[PDB]
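Trainee: Once you've seen the sequence and the experimental structure below, I've got questions.
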Amino acid sequence: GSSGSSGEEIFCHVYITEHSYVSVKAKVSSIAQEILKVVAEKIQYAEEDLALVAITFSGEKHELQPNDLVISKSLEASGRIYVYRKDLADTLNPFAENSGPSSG
């Protein structure tokens with residue numbers, strides 16, 4: 001329980017849409033869940049109902065585990081993770097917007 005922030009300070013980029021994301025401050029070896037649990041909130045959803053979708057440059061959707069690292073980068077030039085809503089279909093499919101107006 002609890003975890004003070006010190007050293008190994010980094011952030012996990014989680015792209016919601018095409019030009020949308022959420023900055024998450026996790027460890028350098030923090031699991032995806034550690035981000036999903038954050039993003040989920042940053043998006044106002046259920047991490048358990050969400051999932052980290054790892055896509056490549058070419059353009060291919062990919063899903064991992066909630067225990068899978070987020071900021072590992074083993075061997076992949078560039079990369080951007082995403083988050084999809086768990087539907088009733090094997091598929092995940094991205095989002096649309098789901099949000100209201102802000103500041104004016």
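Mentor: Received, thanks. Numbers count the residues shown, from 1 in each chain.
Trainee: buried stuff in the helix or strand hosting residue 35?
Mentor: For residue 35, the host element (DSSP states H and E) is helix 33-43. Going by neighbour count (16 or more other Cβ atoms under 10 Å), the buried part of helix 33-43 is 33, 34, 35, 36, 37, 38, 39, 40, 42, 43. Placement of C-beta: from N, CA and C, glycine included.
Trainee: Could you pull up the contacting residues of residue 49?
Mentor: By Cβ atoms under 8 Å, 6 or more residues apart in numbering, residue 49 lies in contact with 40, 85, 86.
Trainee: phi, psi of the residue most central in space within the chain?
Mentor: Central residue of the chain (Cα atoms, centre = their mean): residue 14, 3.8 Å from the mean position. The phi and psi values for residue 14, taken as degrees, to the nearest 10, are phi -120, psi 110.
Trainee: before we move on, back to that, columns distance to residue 62 on top of the contacts of residue 49, output as a markdown table?
Mentor: Formatted as a markdown table, the contacts of residue 49 follow (distance: Cβ to Cβ, whole Å):
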| residue | distance to residue 62 |
| --- | --- |
| 40 | 19 |
| 85 | 16 |
| 86 | 16 |
